[PDB]
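Form deposited in one PDB entry, single chain, as structure tokens, below.
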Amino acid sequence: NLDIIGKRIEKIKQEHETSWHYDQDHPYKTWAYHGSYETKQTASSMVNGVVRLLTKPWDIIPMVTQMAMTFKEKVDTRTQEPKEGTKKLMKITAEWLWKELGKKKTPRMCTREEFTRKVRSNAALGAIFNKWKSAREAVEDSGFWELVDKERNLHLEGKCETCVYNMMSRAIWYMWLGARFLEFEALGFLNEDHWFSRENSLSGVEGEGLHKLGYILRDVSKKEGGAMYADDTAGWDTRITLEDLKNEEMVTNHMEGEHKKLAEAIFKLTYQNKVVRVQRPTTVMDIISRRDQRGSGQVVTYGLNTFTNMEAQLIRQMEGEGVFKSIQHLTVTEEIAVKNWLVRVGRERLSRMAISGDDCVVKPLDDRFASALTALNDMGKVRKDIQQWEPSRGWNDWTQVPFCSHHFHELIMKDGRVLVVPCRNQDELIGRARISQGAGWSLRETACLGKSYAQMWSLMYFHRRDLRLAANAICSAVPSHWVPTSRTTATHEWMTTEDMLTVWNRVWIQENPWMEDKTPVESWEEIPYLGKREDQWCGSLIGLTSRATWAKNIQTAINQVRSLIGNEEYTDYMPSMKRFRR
């Protein structure tokens, strides 16, 4: 408790000595409260006018238009201690999983040099603005690195002064850039060196890309076994126990020297003991602590969520296969049985899963998995929108399974080759492309963000009639040589000024390991759509009068946007589609 968090608490006390007050009307039950201090401040979603002018039929669809308008009674909940049998299953499984993940990888420190390059090309490293403006400026000033040095030597000493979270089914924990550096130095190797790639982790999909995920689910479907299960956890980050944080820390057992000590300090000082500042309107700033739940950078959060989810799902598979009888307590021979299962079939069981942080698909040996709930519930990974003890409903067809907010279609090209394509309700795709985040967007920057959405649609969603047409329209309306942008950046092959047919060929044919015949496609007309009825089922306006008028008059919409942007060099992409090819 207060010996580890005191210094951080003591330090904040003094910067607001003219405001400190142990409030008695404090709303916290499960967060330990420490004091308050005076503040006053808040970014809402702005509309992308280039995308909206080229998607007029959607201006009257509430599921689209409502997306641009506008649980902290779940951050303040508590998760019970698992039973001794559960704690044992988790420790055995975690020990075994870090060893498998480490067989072909070497833990290593990430560098100031590497950190500097990331900030100078904009990755969402959730930092705060103070002493320097942007992260870009802090990183080119030795003063910063002297602050980093002081904290670093403090961590080697087993103490923390400045690693404090700022809080804002979502809650995002910003830290100052220096704390983010020290987290990246110690734990960045998990993401930088692809520990959760499918090749390395067998269940993982890190780096895979939306054009790969469907093929991966189809490969899992080919295994003998029961239904495919895709149970969502209710508020995964809030259900991470101190026991979970201690099994995650066992990655430090694979480290050495300075690195081992630096990583141990991140886990002890910042993860297993946390200090947070929260805005309360009654506007004060509350300084609260707790030992459990997930609060890390979003990139480390992803890798450790994947790890703990892989562990939880192997244990649920063990329960279904009868490897252990009860979570209350493991006998000695049950320990040897669990160990033996892991050594004997562990890698086969990992290959039966697709796991992306808190999101999973599992194809177990059989449907006993559906009612194997005791370990899952006792670890605190309670399923969303189903009663605690009601058996999971599985999916019989891999094309119906939800994963990473998508489902996947099998689409046969006129030439017989097979594409497995990502899909989601088209209102969600149009509604998201119509939104920009933050202020000070020029017309050119707004146009380049529209172009990023358009090129993503041409690569991932070409099979949706409305999206291939709208993508072609946006790419016709934005100057040909302007570079697609995004202020928050899976693999992003659409972020390029290369011709999109050449990128399509590279992604779907040349580099696609499931495509034996490498014959290039010569035009967009060779590239198929979903069935017309399947397109409607997934939200296509195809067959409406509004959509027919939009399609027929599309050059008029393109010319409206070209007139606003001004006298620039444009390309007409509409004749790449049969109906505008004269």
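So that there is no doubt, residue numbering starts at 1 and follows the sequence shown. Each form is matched to the other, and the largest set of C-alpha atoms that superpose within 1.5 Å is called the rigid core.
Per the records, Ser36 is modelled in every other compared entry, just as the shown structure includes it, so no third of them leave it out. Modelling of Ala471 is complete across the other compared entries in which both of its neighbours are modelled; not even a third of them leave it out. Counting the unmodelled positions of the deposited sequence between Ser405 and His406 gives zero. According to the PDB entry, the deposited sequence contains 10 or more residues between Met168 and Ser169 that lack coordinates.
The mean Cα B-factor in the deposited entry runs higher for 283-291 than for the other of 258-266 and 283-291. For the pair 20-28 and 558-566, the mean Cα B-factor is higher in 20-28. Each of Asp244, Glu493, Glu199, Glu157 has a CA temperature factor in the record; the biggest one is found at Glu157. When the Cα B-factors of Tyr33, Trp537, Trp550, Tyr529 are read from the PDB record, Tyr33 comes out highest. For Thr55, the recorded CA temperature factor ranks within the lowest third of the chain's modelled residues. When the CA B factors of the chain's modelled residues are split into thirds, the value for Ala138 lands in the highest one. Looking at the C-alpha B-factors along this chain, the one for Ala43 belongs to the highest third. Ranked within its chain, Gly102 lands in the middle third, by CA B factor from the PDB record. Among all modelled residues in this chain, the alpha-carbon of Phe115 has a temperature factor (C-alpha) in the highest third.
The following text describes the form deposited in another entry, which does not appear among the structures shown.
In the overlay on the core between the shown form and the other one, a shift of 2 Å or more in CA position is seen for a single residue of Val251, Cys475, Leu245, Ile266, which is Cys475. With the core held fixed, the Cα of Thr446 is displaced between the shown form and the other one by 2 Å or more.
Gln555: CA moves 2 Å or more between the shown form and the other one after rigid-core fitting. After superposition on the rigid core, the Cα of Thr333 moves by less than 2 Å between the shown form and the other one. The pair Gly440 and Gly178 separates in the other form: their C-alpha atoms are at least 3 Å more distant from each other than in the form depicted. Annotation: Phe115/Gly438 CA-CA distance longer in the other form than in the displayed model, change of at least 3 Å.
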